[PDB]
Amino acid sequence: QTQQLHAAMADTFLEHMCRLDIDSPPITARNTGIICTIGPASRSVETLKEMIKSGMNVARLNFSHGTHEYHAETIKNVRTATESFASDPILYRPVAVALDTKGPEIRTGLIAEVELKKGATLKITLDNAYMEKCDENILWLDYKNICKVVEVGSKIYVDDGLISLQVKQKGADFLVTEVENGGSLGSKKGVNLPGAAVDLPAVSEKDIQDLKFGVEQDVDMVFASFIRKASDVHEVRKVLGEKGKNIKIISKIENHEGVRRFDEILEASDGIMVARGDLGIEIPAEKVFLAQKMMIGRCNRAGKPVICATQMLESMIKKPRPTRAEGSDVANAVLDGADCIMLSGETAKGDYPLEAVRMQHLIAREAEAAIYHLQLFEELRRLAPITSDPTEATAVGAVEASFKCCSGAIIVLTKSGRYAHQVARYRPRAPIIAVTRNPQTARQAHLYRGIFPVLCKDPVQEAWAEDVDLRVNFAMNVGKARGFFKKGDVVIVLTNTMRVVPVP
């Protein structure tokens, strides 16, 4: 009657859908990590504390804007808000910090707003003299090489793809275009060139410094913008270097080349972001769902984290409740298989950042119950390579056992996080309580569906079995406290050993 267990028992997907029940309450635990972009509306310590309480797991810093000093301060406030809960390690929630690079962006100059009208002429110039004199006649932008990569007849998008132009003529140092989709044009707006092979560096001089700064600031992960190919990833990896070797690189797929070359990018990366914002300008908007499902499926297949991003609850920037399309989008990203879901303007600058976060937590939890685990697990089994790795055997063994005895959690003791990632990849219904003494492991674990990281602060006990018992008992106290399970329930414990344990 709870957790859509009646639907879970259906023998066909169609019957599974038919049994979905709005009156069947979800379990307390929410498995899908929530990533929040931080900015004006959410940067204060006090607001940050509330965002943690509402469900924020990862703080995203968008380096397309802001100075190092501005971001260092954000990072400082995140940690302050986060450590304000550190006194009770049973209820302390780790919070990750993610650095999202600028990457090979193209931006217009400074206009004030001008109205671009359908059919009108607009000249694109590179002449720095017009750098701050952008108007409805002449538009400067910062991609000096633009004329060498675009052709006559090709389209240029400006401002989240809302304004569109067609290249009509190529001048010596300029482009002559005609407005197709008009609208009001502001300053320093994003420009996209679908069909063009932009030859900006995968990692610019600015990107290099931003990455280095990330290392200095001990960030947990990097969201690398406009990744086109494995070599782009390698450059990011080399820049993070030895000091940042444990920082996870999440490649953002935002253009056609990234999709085409997805497999090599995935192999090189620690995870993927479906960056629907740019992607849905670079390719036709009606095709984005295809790329999203393809990437989520392939990440699920490979056991690597995948993030669904951009415009998930967009209207909530201005309103306290989302649209029905938005409710559906979050649910479907989760049903698709997304490890995490993301908020951008909704939390960075919107008027209801707390409600946005809470709505993502609510929808995700409902959606997680509605997953058809019977089929998903069967298929993950079949598609999983038969190998000799014993930790891999234990992981699937534990997940199988968790479905059988309908356990309240799988408790995993992990140093690097790997052991727990191996369990997550099989997508158990039961929450995975990953107990670790490594603070970075705890933060980064949020990247994986189902992992609820807890940070053990007790010293290592001399006797191994006592040290194990200490950590498992910790996990038990967390589960009871958070209402995941209670005395007398049954949980699976992984330490290579799997034990099925009654909760005290």
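All residue numbers refer to positions in the sequence shown, first residue = 1.
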What lies unmodelled of the deposited sequence between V288 and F289 amounts to none
Do any residues of the deposited sequence lie unmodelled between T495 and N496, and which range holds their number: none, 1 to 3, 4 to 9, or 10 or more?
4 to 9
The stretch whose C-alpha atoms carry the larger average B-factor in the entry, 260 to 268 or 154 to 162, is 154 to 162
Would you mind comparing 328 to 336 and 188 to 196 for me and telling me which has the higher average C-alpha temperature factor in the entry?
188 to 196
Per the PDB entry, which option out of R237, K102, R427, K144 has the greatest Cα B factor?
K144
Going by the entry, which of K457, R449, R443, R60 has the most elevated CA B factor?
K457
Just say lowest, middle or highest third for the CA B-factor of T67 relative to the other modelled residues in its chain.
middle
How does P390 rank on Cα B-factor within its chain, lowest, middle or highest third?
highest
Going by the CA temperature factor in the PDB record, which third of the chain does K118 belong to: lowest, middle or highest?
highest
Is the Cα B-factor recorded for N473 in the lowest, middle or highest third of its chain?
middle
Ranked by Cα temperature factor within the chain, is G241 in the lowest third, the middle third or the highest third?
highest
